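Next up is one chain by itself, shown in structure tokens, the form deposited without the DNA.
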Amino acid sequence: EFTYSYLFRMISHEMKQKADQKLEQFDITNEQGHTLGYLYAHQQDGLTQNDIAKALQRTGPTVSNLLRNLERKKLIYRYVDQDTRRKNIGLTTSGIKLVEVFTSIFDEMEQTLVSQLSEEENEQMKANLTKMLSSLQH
């Protein structure tokens, strides 16, 4: 029978794969999704291509390609701040709404798991998972 190591590894992998598949139905790649999410979380101040590249640990050309694609779909816009030198990036309403969709996808995946079990059995499983987690924390 499978080890807990294996089960948790494969669940980790498959949740990422399922999420990527769901996002692709909205024509968003994994790195496009991370870009939109990063923008969403940091919108309150000026963010440049360089800021994004540092945070994502990707090259300038990769990020320039990511951003051109998103801008072409009007999920983001870019403008001049350091004038000329720096262009800042913001999300449009559609960009915001897609980030919300991402949250919906994660919530619906969670609901799918919860629906596998009765309320009573969910209580048992979460209690037991919590004991397993605590044993690893101490």
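Just count from 1 along the sequence shown to find any residue number.
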*Which class describes the count of deposited residues lacking coordinates between residue 27 and residue 28: none, 1 to 3, 4 to 9, or 10 or more?*
none
_85 to 93 or 37 to 45, whichever carries the higher mean Cα B-factor_ = 85 to 93
*Read off the CA B-factors in the entry, average them over 66 to 74 and over 100 to 108, and name the higher stretch.*
100 to 108
*asked:* Could you place residue 120 in the lowest, middle or highest third of its chain by Cα temperature factor, using the values in the record?
replied: lowest
*Please place residue 130 in the lowest, middle or highest third of its chain by C-alpha B factor as given in the entry.*
middle
*Select lowest, middle or highest to describe the third in which the CA B-factor of residue 32 falls within its chain in this entry.*
lowest
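The protein also exists as the form solved in complex with the DNA; that form is not presented, and the subsequent description refers to it.
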_Although the partner isn't part of this model, could you tell me whether residue 90 comes within 4.5 Å of the DNA in the entry with it bound, counting any heavy atom of the residue?_
no
*Verify the contact flag for residue 125: yes if a non-hydrogen atom of it lies within 4.5 Å of a non-hydrogen atom of the DNA in the entry with it bound, no if not.*
no
_Residue-level contact is defined here as any heavy atom of the residue lying within 4.5 Å of the DNA in the entry with it bound; does residue 33 satisfy this criterion?_
yes
*Could you tell me if residue 107 has a non-hydrogen atom within 4.5 Å of the DNA in the entry with it bound?*
yes
